[PDB]
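What follows is one structure encoded as structure tokens, with my remarks underneath.
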Amino acid sequence: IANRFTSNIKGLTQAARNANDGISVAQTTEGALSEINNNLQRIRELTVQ
Amino acid sequence: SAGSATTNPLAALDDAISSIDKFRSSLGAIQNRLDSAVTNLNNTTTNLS
């Protein structure tokens with residue numbers, strides 16, 4: 001049972017690290033998207049003009 | 001060889017001014033896109049760090 005607990009603990013810690021990496025991916029993509037949205041807003045303003 | 005008075009001076013001056021204005025507009029557009037690139041680079045650098 002101690003061996004099983006050790007396996008579970010190590011697996012869960014590594015899974016937490018993987019989840020942190022996923023959050024990083026989402027942050028980067030969302031930053032790029034924000035820049036794209038700013039560009040689109042400026043394009044719409046120019047079109048209205 | 002000697003010449004004569006220009007037939008249509010104001011039209012030529014207008015054409016020169018128009019060319020200058022087109023160059024200025026293109027330069028301003030390039031500078032705006034460069035500033036947007038700077039902002040995107042800063043955001044991506046922060047996220048990757």
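By convention here, the chains of the structure tokens are called A, B, ... in the order presented, each chain's residues are numbered starting at 1, and ligands are numbered starting at 1 in the order presented.
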
Residue list for chain B near chain A as a PDB file with C-alpha atoms, in the first residue's frame, 12 Å, only C-alpha atoms:
ATOM      1  CA  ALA B  29       1.125  52.922 -41.651  1.00  0.00           C
ATOM      2  CA  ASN B  32       1.884  51.911 -36.661  1.00  0.00           C
ATOM      3  CA  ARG B  33       2.283  48.246 -37.552  1.00  0.00           C
ATOM      4  CA  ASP B  35       4.481  49.673 -32.790  1.00  0.00           C
ATOM      5  CA  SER B  36       1.841  46.938 -32.710  1.00  0.00           C
ATOM      6  CA  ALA B  37       4.622  44.409 -33.295  1.00  0.00           C
ATOM      7  CA  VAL B  38       6.545  45.858 -30.339  1.00  0.00           C
ATOM      8  CA  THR B  39       3.533  45.475 -28.054  1.00  0.00           C
ATOM      9  CA  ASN B  40       2.915  41.883 -29.149  1.00  0.00           C
ATOM     10  CA  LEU B  41       6.584  41.020 -28.638  1.00  0.00           C
ATOM     11  CA  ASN B  42       6.513  42.415 -25.103  1.00  0.00           C
ATOM     12  CA  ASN B  43       3.408  40.401 -24.218  1.00  0.00           C
ATOM     13  CA  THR B  44       4.859  37.189 -25.655  1.00  0.00           C
ATOM     14  CA  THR B  45       8.157  37.747 -23.842  1.00  0.00           C
ATOM     15  CA  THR B  46       6.362  38.190 -20.519  1.00  0.00           C
ATOM     16  CA  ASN B  47       4.268  35.054 -21.015  1.00  0.00           C
ATOM     17  CA  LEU B  48       7.236  32.911 -22.061  1.00  0.00           C
ATOM     18  CA  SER B  49       9.310  34.162 -19.129  1.00  0.00           C
TER      19      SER B  49
END

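Note that atom CA of residue 21 of chain A and atom CA of residue 9 of chain A are 18.8 Å apart.
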
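Between atom CA of residue 41 of chain A and atom CA of residue 34 of chain B the separation is 17.0 Å.
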